[PDB]
Structures are given as structure tokens and as C-alpha cells.
Amino acid sequence: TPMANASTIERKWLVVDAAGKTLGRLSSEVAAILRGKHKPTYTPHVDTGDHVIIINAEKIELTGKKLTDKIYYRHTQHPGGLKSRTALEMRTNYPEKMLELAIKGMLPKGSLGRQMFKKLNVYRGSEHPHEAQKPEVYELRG
Amino acid sequence: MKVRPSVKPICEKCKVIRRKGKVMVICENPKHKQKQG
Amino acid sequence: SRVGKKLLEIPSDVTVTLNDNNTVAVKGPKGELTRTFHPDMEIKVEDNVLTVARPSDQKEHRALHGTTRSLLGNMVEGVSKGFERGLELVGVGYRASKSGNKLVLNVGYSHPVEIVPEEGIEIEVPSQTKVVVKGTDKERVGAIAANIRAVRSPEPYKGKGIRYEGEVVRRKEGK
Amino acid sequence: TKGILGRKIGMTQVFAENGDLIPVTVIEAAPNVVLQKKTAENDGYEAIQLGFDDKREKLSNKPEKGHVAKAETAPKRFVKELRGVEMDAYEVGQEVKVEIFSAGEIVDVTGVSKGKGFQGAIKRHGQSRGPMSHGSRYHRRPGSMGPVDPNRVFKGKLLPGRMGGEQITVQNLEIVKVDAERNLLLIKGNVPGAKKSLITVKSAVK
RNA sequence: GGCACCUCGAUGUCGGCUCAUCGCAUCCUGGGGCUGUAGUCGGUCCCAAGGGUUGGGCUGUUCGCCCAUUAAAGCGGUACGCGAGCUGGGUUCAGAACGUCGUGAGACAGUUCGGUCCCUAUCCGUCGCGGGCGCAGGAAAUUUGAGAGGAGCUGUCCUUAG
RNA sequence: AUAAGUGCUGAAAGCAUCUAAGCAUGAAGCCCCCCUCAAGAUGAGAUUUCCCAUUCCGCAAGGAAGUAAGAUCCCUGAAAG
Ligand SMILES: CC[C@H]1OC(=O)[C@@H](C)C(=O)[C@H](C)[C@@H](O[C@@H]2O[C@H](C)C[C@H](N(C)C)[C@H]2O)[C@](C)(OC)C[C@@H](C)C(=O)[C@H](C)[C@H]2N(CCCCn3cnc(-c4cccnc4)c3)C(=O)O[C@]12C
């Protein structure tokens, strides 16, 4: 009979600056943090995660020829309605959706996985409204 | 061009240059202009 | 048997000034040229000499060891003297002129061809046939010279259109 | 990018300095007033509101009366908005008259088209029917819903439904004549909508 | 075509009509390289699926030939797309006849004439239209646009200029 | 912004080369511009304006019961259905 903690969950606000990293190795340590996999009071069904803020999304970088070759495909529900954007077309236009799509993938699926996606808010540049909450400046492990 | 999967020099003045990932034959004679594909 | 192993000597009219990280600025009587290089190649200043050195012996270090130095040398040459490309054009009623800065080629088309050398490039038209592109960068003089040659590449039957100095234009006998 | 909004009356027929007939729409625009001059500094985009009609007191509400009586004219029936206008010239409370347009220039016209109701695939989507004879029980019908392999119908199989009532723009229409004292535009051609209906006459996106 | 894996307590089978969508191995249009490409026209090849891609004669016909256009009259997927959407000419029921086979009753990827195309949509899915609640007060209007659909074709004539 | 293609500079590889760096053109195609829908965009947004923060309970949280601006039932109808 271990602890199965529910509504005893204090949530931390973190700042992860994305100004040089690869998005696969940033978002894998971010999407694991958004569920509270680093928190020892982890129960798999009550969202023990914390809040994550990503700042300077437009400077997150890639390896190899991924800027021109990694293609974000997005079909509509209409015939002939597959749309494509490259990684640079996502990068220079809006890096926030590109980062949020990585984290939507790497967060688990279901009602609570969408609830844990609700915790994260990716921004372009260093505007970051969110001063009302003490967001600590967070460094990633690798 | 000559887009053919067996690109090779024809005369003595043909040159085999791997341009941008594709092996081409570039010559002074423009019929010997080749590229694999 | 290597470009990058030799020296490049800088007697006069060329002052090479390392100013920022890899940004080499070279000043002189014609004009000044700035070029930012890759941070692996190292460039040392002997008294009026540039010396170029590579860290290792690798596929990319040999290439940069050629190109950084060769571009430095052409910066020195274009600061000392500058560059120019000659542009012969042959035809029946085929002609060039200039209005102010703008080159007006009335060559074969039913419209005028109006070329604007925006970055500061001196185009001579010494006579109604020739067009000379003159400036400081090979990368810019040769660029706008190819821009002029792209207006009309030469036909192989009658050599028409724009044409370089000693360009051996291929001849076909269309009968 | 100049524009007004008015109301449709009908079609007339006008000779133009020659024997040439021109089909004409008459649009009656009693002069509009800038009601709210939206700016970029808070709203993120530079547009402007215009109001067109004179409601009674009884028909209008206190939020309408307040929003209008910021610039005191009368509560108005049709408020719409023009994007990207010359915002140095317009000010809040300005009678935007019909004196703007002349007979020369090109004009884009947007109006809400006539409603047709629940109609079939042939009057709505212009499809063709099957034969009325040779034994056929097929006519006036929308077609095969699709192939079998997707186990469903694709999105966009055009079917019966309500036709009409969308906002619709006819582009590059031409003005014949302006009657500023009767507050009338005369426009060459056909303009979408029923009679007594509001139609906004912009300048053309040429 | 091989094999017989699903279906014989039923998976309607050709052609056409309606409605399309998709692939590119591109028929036209767009951009090109090579030429044994002078020019106009061409041949081949490369990139490109955005749009367009005709109306008749005979035939059940797909196909094919022909007529006359076109810028072009592209090939193939979707149960050789689409019969709880339609037709039923052909196949493939019972009548009958011909040729031929069989002693015979009868048989023929031989021909010919005639022959019942059932179903009030529960769910998904489409196309439209409402009602609830949400949107941390309750309201009336004007909106930004994430996103989504549409549109995207092309001839000839004059001038440059014989 | 590109695809095919065409190039400059230009090495690796004293040269040559559209090359690894650096640069530039270039299609009815891609993204827009054009037309429509569109905040249920649960990420539910944004403006302008109206109403105001009452009455009882109960020891509180909260409940109910008049309302305000506003809307609706019902009625006259068509440009809508
Ligand atoms: C009127 C519609 C008839 O359908 C069809 O016959 C026909 C249109 C079909 O296509 C139908 C759907 C068939 O199904 C097909 O069967 C095939 C063998 C196979 C097919 N798939 C499985 C592939 C399947 O679709 C089938 C087998 O019917 C034969 C269905 C089967 C259950 C029946 O037989 C069925 C009961 C028929 N039937 C039998 C009497 C028929 C004689 N009759 C005619 N007219 C009268 C009549 C008139 C007026 C008054 N009284 C009587 C009487 C009826 O009275 O009505 C029927 C439903």
C-alpha cells in the first residue's frame, strides 16, 4: 500500500530555454517532466506533473539535413487534402507548433495525456508573460 | 543531359564529377553531358 | 603542389585588418572587402603577410584550407587592382548603351533590357559592341557579367548575343 | 482602399454617351458614419466601422445607443467594417458620403445573395440528371456516393441542402453614375442580393 | 494465367448514365537539357498531377475503325470505382428456330427472336439545419484569424514584323 | 521559397570543376495574394458599449427570488423558410 496521491499535487513552473538544443532531446526531457516522471510522488492516473515554459523556440536547432528533409505532413479529412510543411517552413514561420507537435507525440495518449499537454506553453523569443508564478530557470540533463 | 544509370566517359576529355550527390560526366562535347538517375 | 602551403605577400595598397571573430576586412584605394570565414581555419598576421593554418588533415580542412586562403588572395587582388570582365556581342542590329547607371541592352528582343548594378559596380561601355563589368569582387563582377550573358546566351549557328572575351563559342553548320 | 455600404433597390437601364445600353444596379447609401475607428495599438489590425440605416429609438438597445452615441448620430441598423482604409482621412463621426466614387473607377461589390432554401443537387450544384425515359428511374438525383474501398463517403460529396444566403463578391464592377444628392450609386452589371437588402460597395482589389 | 486462402445459412456478374476521387509510367499547357535543333515544325529526355482532357457513325460491346473538331482528345487504381443510385442491350432460367453433333431424350465460348432489376435507412459515413450547455458576472453588436473549402484551363487575331 | 536546368566564387586535387563553405537565378507546380466558411481554435480568443454588484436565510460554504440591461413565449409577416 504505497501513496496514491490525488489533489495533494503542488505544481512547479520551469523555464527551459530552447536557444541551441535539438528538439528531440529537449522535448524528451520536457515531455517526461510534464507527467511528473521526475517527481517521487508519481501516480500514473492523477497528472502529478509540473508546468513547463519553453522560451526562444525559434532558435532550436537540428542535425544533418533535417531542416529541409523532415516534412510535417498533415492530412485534412477531405480527399486530396494532405498538406506538407518542411522543418524550416515550421521553424521560420512558427516554432511553437513544431515544438508542441513533438511534445504531443512524446506525451501519452488519452484524456489525461491531453490534460498534461495543457500544462506546457511554448513561446517565440523571450517575451514570456507568466511572471506571476515564480518560474525557475531549468537546465536539461544532456 | 543524358540521364542514364550507367554514366561513364565517352571520349578522352570527359570528366566524372560527383556534383551534389549525383555522378555526372561533364565534357566539352555537350552530347557527352551525362548524369545518373 | 598545394595552394594553401605557400605564402601570400602584401607589399602595398592592401591593408588586411583582422577585426572580429573570423571577419577579415581588407582596405585600399579601390574599395574595402569584408568576408567572414569558418572558425576552424586560423589566420595569422606576419608583418605584411597572411599565413593560413588548418587544425588537422581531413576532407573538409583541406577544402577550407584552399578556399579561405584563395578568397583572401582575391580580396587582396581586388583591393589592389579590382576585376573586370569583357563582354563581346555580335549580331546584325545588336547593340548596348548606358543611361546613367542603368545598362540598356537592345540586342535581339522587341523590348529594352535594363540592368541595374545596385551594389556599386562600374559598367563600362567603351564602344557600342563591348560591355565591361568592373569592380572589386570576382564574386560580384563575374556574377553581374553572367547576368548580362544570361540576357542572351550565344546561338551556335551564328554566334549572336552576349559573349565573353575569349569564349570559344561552339559552331554548328545548320544548313 | 475606399468603400461605402448601402442598400439595394433594383436594376435600371442606362445609355452611356452613345447608344450603348448598360444594365445598372441602383444602390441607395444615405451617408455612413464612422462609428469605431479600430487601431493596431490594441486590436492588432487597422480597420474601421461604418454604420448604415436610421433605426427608431424603439428598435434599438442601450449598448447600441452607447456605442453609437460616442459619436452622436442615431442608432444604426447595419454596422459593418472595412479593412486597411486610409486612416489619416477618416475620423470618428464623419459622414462617409457617396461623393467618394466617380463614374471612372473600378469597384468590388459584396452583398448577401438571395436565399433559395432546401434544394437538390441540380439547382444547387449544377449537376446533370439521368434520362427522363428509356426505362430509367434516375433523374434529379445527386449521383453515386463514391467507391467501395474506403467503406464510407468522402467529404465533399455535393448533396441537397440550403442554397443561398452566403456573402458573395462580384469583382471589377464599373460605376455608371453617382447621384450624391439622392445618395445613389449606379453600378454596371449584376449585384448579389434581394431587394431592400444591404450591399457594401468597396473599391476593387485590382 | 498458376494456387485454392475468405465468402456457396447468396460477396449481383459486362457495357452505358450519374457522381467523382486518386496514381504518374505527362496527352495539352508551364520550365528545361541534347540534337543529324538554320527558321516554322520536330525527335528524345528531365522536372512538374495545378487545371483541362470533344461531339457523332456502326457495334450490347470495353476495345477498335471512321467522320469532324481540339491546345490536348493521356494510361491505369478505387469489388475491371459506383444496380439497398439508375438502365438491362449483352451474357447466364423456363418458349422457339437454324447450322452441326447424338439412334435418342437432348448438347454447343455457335447463331437468332422474346423474357418479373425486391427493400418505409437503425448505426457509421456524407450534405444541410436546429436545440442544449460550455467559454469564471449577465448582455447587444463588430471582429482577428489557427484551420478549412474554392478558384486555379486555354485558343485565335493584330503589333513587334514579313 | 523552390524542381529540372543555368551559373558566379571556388577548392579538395599548383589546374579544371554549379563544390565541402559561400552566394544567384529559375515553372501553369509549393506558400501567399484572390473568393467563402471559420473561437466547440475546450488553446473556447479581441474590441466597443449597456447593466450593476440587490432581497431573504443559516453559524458559514452555499441555497432561492425578485429583477437590471437584455431576451423569449404569443402575434403581423417576407427579402427568409
Ligand atoms: C417483388 C420483389 C421480389 O424480388 C424479386 O423476385 C427480384 C426483383 C429480386 O431480385 C429479388 C431481390 C431476388 O433476390 C435475388 O435472388 C438471387 C437468386 C440472388 C440475388 N443475390 C443474392 C445475388 C438476390 O438479390 C429474390 C430471389 O427474388 C426472386 C428474393 C427472394 C426472397 C424472393 O423470391 C422474393 C420473396 C421475391 N418474391 C418471390 C416471388 C417472385 C415471383 N414473383 C414475381 N412477381 C410476383 C408478383 C407480382 C405481383 C403480385 N404478386 C406477385 C411474384 C416476391 O414475391 O417479391 C420478391 C421480394
# chains A, B, ... in the order shown; residues from 1 in each chain; ligands from 1
call {"tool": "closest_atom_pairs", "arguments": {"of": "chain F", "to": "chain C", "cutoff": "12 Å", "atoms": "only C-alpha atoms (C1' of nucleotides)", "output": "tab-separated table"}}
result
residue	atom	partner	partner_atom	distance
F:6	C1'	C:150	CA	8.5
F:7	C1'	C:146	CA	7.0
F:8	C1'	C:143	CA	4.6
F:9	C1'	C:139	CA	4.7
F:10	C1'	C:67	CA	6.5
F:11	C1'	C:66	CA	5.2
F:12	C1'	C:63	CA	4.5
F:13	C1'	C:2	CA	8.6
F:14	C1'	C:1	CA	4.9
F:15	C1'	C:1	CA	10.5
F:19	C1'	C:63	CA	9.4
F:20	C1'	C:60	CA	6.0
F:21	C1'	C:64	CA	7.2
F:22	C1'	C:37	CA	9.1
F:23	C1'	C:139	CA	7.9
F:24	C1'	C:143	CA	7.7
F:25	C1'	C:147	CA	8.7
F:26	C1'	C:150	CA	11.6
call {"tool": "interface_residues", "arguments": {"of": "chain D", "to": "chain A", "cutoff": "12 Å", "atoms": "only C-alpha atoms", "output": "ChimeraX atom specification"}}
result
/D:146,150,153-157
call {"tool": "interface_residues", "arguments": {"of": "chain F", "to": "chain D", "cutoff": "7 Å", "atoms": "only C-alpha atoms (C1' of nucleotides)", "output": "PyMOL selection string"}}
result
chain F and resi 46-50+79+81
call {"tool": "residues_near_ligand", "arguments": {"ligand": "ligand 1", "cutoff": "6 Å", "atoms": "only C-alpha atoms (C1' of nucleotides) and all ligand atoms", "output": "number ranges by chain"}}
result
E: 10, 12, 116-118
call {"tool": "write_last_selection", "arguments": {"atoms": "C-alpha atoms (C1' of nucleotides)", "output": "PDB file, in the first residue's frame"}}
result
ATOM      1  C1'   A E  10     -26.020 -15.788 -51.504  1.00  0.00           C
ATOM      2  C1'   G E  12     -25.349  -9.368 -58.254  1.00  0.00           C
ATOM      3  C1'   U E 116     -40.617 -10.395 -63.016  1.00  0.00           C
ATOM      4  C1'   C E 117     -33.907  -5.492 -61.556  1.00  0.00           C
ATOM      5  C1'   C E 118     -37.394  -6.607 -54.438  1.00  0.00           C
TER       6        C E 118
END
call {"tool": "atom_distance", "arguments": {"atom1": "CA of residue 29 in chain C", "atom2": "CA of residue 76 in chain C"}}
result
11.3 Å
call {"tool": "closest_atom_pairs", "arguments": {"of": "chain E", "to": "chain D", "cutoff": "9 Å", "atoms": "only C-alpha atoms (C1' of nucleotides)", "output": "tab-separated table"}}
result
residue	atom	partner	partner_atom	distance
E:17	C1'	D:130	CA	6.0
E:18	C1'	D:143	CA	4.6
E:19	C1'	D:143	CA	4.3
E:20	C1'	D:146	CA	6.8
E:21	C1'	D:146	CA	8.1
E:78	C1'	D:147	CA	6.0
E:79	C1'	D:148	CA	7.3
E:81	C1'	D:147	CA	4.6
E:82	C1'	D:147	CA	5.6
E:85	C1'	D:144	CA	5.5
E:86	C1'	D:138	CA	4.8
E:87	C1'	D:136	CA	5.6
E:124	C1'	D:152	CA	8.3
E:125	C1'	D:152	CA	4.9
E:126	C1'	D:153	CA	5.5
E:127	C1'	D:159	CA	4.8
E:128	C1'	D:161	CA	4.4
E:129	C1'	D:162	CA	8.2
E:139	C1'	D:63	CA	8.6
E:140	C1'	D:63	CA	5.7
E:141	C1'	D:64	CA	7.1
E:142	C1'	D:80	CA	6.9
E:143	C1'	D:81	CA	8.5
E:144	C1'	D:44	CA	7.8
call {"tool": "write_last_selection", "arguments": {"atoms": "C-alpha atoms (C1' of nucleotides)", "output": "PDB file, in the first residue's frame"}}
result
ATOM      1  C1'   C E  17     -25.940   7.011 -67.108  1.00  0.00           C
ATOM      2  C1'   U E  18     -24.980   9.955 -62.656  1.00  0.00           C
ATOM      3  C1'   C E  19     -21.050  11.385 -59.389  1.00  0.00           C
ATOM      4  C1'   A E  20     -16.258  11.666 -58.678  1.00  0.00           C
ATOM      5  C1'   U E  21     -11.688  10.902 -56.376  1.00  0.00           C
ATOM      6  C1'   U E  78     -10.815   2.596 -56.414  1.00  0.00           C
ATOM      7  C1'   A E  79     -15.111  -5.194 -55.801  1.00  0.00           C
ATOM      8  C1'   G E  81     -14.986   2.557 -58.561  1.00  0.00           C
ATOM      9  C1'   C E  82     -20.079   3.332 -58.415  1.00  0.00           C
ATOM     10  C1'   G E  85     -28.022   5.191 -57.028  1.00  0.00           C
ATOM     11  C1'   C E  86     -30.338   4.044 -62.497  1.00  0.00           C
ATOM     12  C1'   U E  87     -30.667   1.347 -67.152  1.00  0.00           C
ATOM     13  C1'   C E 124     -21.383   4.834 -39.137  1.00  0.00           C
ATOM     14  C1'   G E 125     -20.247   7.965 -43.197  1.00  0.00           C
ATOM     15  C1'   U E 126     -21.739  12.396 -46.291  1.00  0.00           C
ATOM     16  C1'   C E 127     -24.907  17.169 -47.215  1.00  0.00           C
ATOM     17  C1'   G E 128     -27.649  20.885 -44.788  1.00  0.00           C
ATOM     18  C1'   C E 129     -30.479  22.935 -40.403  1.00  0.00           C
ATOM     19  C1'   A E 139     -25.897  41.205 -22.303  1.00  0.00           C
ATOM     20  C1'   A E 140     -26.007  43.676 -27.666  1.00  0.00           C
ATOM     21  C1'   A E 141     -23.028  44.292 -31.886  1.00  0.00           C
ATOM     22  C1'   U E 142     -18.099  44.413 -34.725  1.00  0.00           C
ATOM     23  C1'   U E 143     -14.460  41.134 -35.410  1.00  0.00           C
ATOM     24  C1'   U E 144      -8.940  38.532 -35.544  1.00  0.00           C
TER      25        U E 144
END
call {"tool": "atom_distance", "arguments": {"atom1": "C1' of residue 11 in chain E", "atom2": "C1' of residue 80 in chain E"}}
result
16.4 Å
